[PDB]
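**Q** Take the working numbering: the last position of the sequence shown gets the number 115, and nothing is skipped along the way. I have a structure I would like to understand better, so I am pasting it below and will then ask my questions one at a time.
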Amino acid sequence: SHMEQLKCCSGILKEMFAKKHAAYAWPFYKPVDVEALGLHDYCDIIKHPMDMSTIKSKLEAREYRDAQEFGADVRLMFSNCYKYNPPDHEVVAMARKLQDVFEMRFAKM
Ligand SMILES: Cc1[nH]c(-c2ccccc2Oc2ccc(Cl)cc2)cc1C(N)=O
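Now the structure itself:
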């Protein structure tokens, strides 16, 4: 059931926002501030920005037809990070730790 699936997606996102993962999830909580120093080229490289607060808003406004569409936005958020940053960047390591949480929960739902 798509409705039951989306309740599980809300549960996965709630865990990603939890204190347990806060040490590595915090760069992903809100949209990237493209006006901050070092991010002048962010909009040139990243055509579709995505963050956990936008995904939470999209869940609340019923913008995902199913778990697949929610999953696509969570993976878009990680892919933006892997695309934009150097592979040795600390933020890329954080994205990987959060993606481990997401992929495990998303697979077992
Ligand atoms: C997804 C993302 N969030 C941020 C970000 C968000 C809020 C406050 C600061 C931020 O800057 C940081 C830079 C280096 C580290 Cl280690 C962590 C975060 C940057 C990026 C990215 N460069 O991709």
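For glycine and all other residues, C-beta sits at the position ideal for the given N, C-alpha and C.
Report the rounded CA-to-CA distance for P93 versus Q105, giving the unit in angstroms.
**A** If you number the sequence shown from 1, residue 93 lands on position 87. If you number the sequence shown from 1, residue 105 lands on position 99. So the two alpha carbons sit approximately 15 Å from each other.
**Q** Using the C-alpha atoms, what's the distance from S63 back to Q11?
**A** Residue 11 sits at position 5 when you count from the first residue of the sequence shown. Residue 63 sits at position 57 when you count from the first residue of the sequence shown. Going from the Cα of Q11 to the Cα of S63 covers about 17 Å.
**Q** How about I52 and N86: do their beta carbons lie closer than 7 Å?
**A** Within the sequence shown, numbered from 1, the residue matching residue 52 stands at position 46. Within the sequence shown, numbered from 1, the residue matching residue 86 stands at position 80. Their beta carbons are under 7 Å apart, which means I52 touches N86 by this criterion.
**Q** Can you give me the start and stop residues for the alpha helix (DSSP H) that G44 sits inside?
**A** Residue 44 sits at position 38 when you count from the first residue of the sequence shown. Segment: none, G44 is in no alpha helix (DSSP H) and carries neither H nor E.
**Q** Does the separation of the CB atoms of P33 and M100 fall below 7 Å?
**A** In the sequence shown, counting from the first residue as 1, residue 33 sits at position 27. In the sequence shown, counting from the first residue as 1, residue 100 sits at position 94. A contact, by the Cβ cut-off of 7 Å.
**Q** Among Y30, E75, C15, which has the Cα closest to the Cα of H95?
**A** On the sequence shown, residue 95 is found 89 positions in, with the first residue counted as 1. Taking only the C-alpha atoms, the option nearest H95 is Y30.
**Q** Just verifying my parser: in three-state terms, what is the DSSP assignment at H27?
**A** Taking the sequence shown and counting its residues from 1, the one referred to as residue 27 is at position 21. It is helical.
**Q** Measuring straight from C-alpha to C-alpha, what distance separates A42 and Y35?
**A** Reading the sequence shown from its first residue, position 36 is the one you call residue 42. Reading the sequence shown from its first residue, position 29 is the one you call residue 35. So the two alpha carbons sit approximately 16 Å from each other.
**Q** So, is the C-beta of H95 closer than 7 Å to a C-beta in chain D?
**A** Judged by its chain identifiers, the structure shown contains no chain D, having just a single protein chain.
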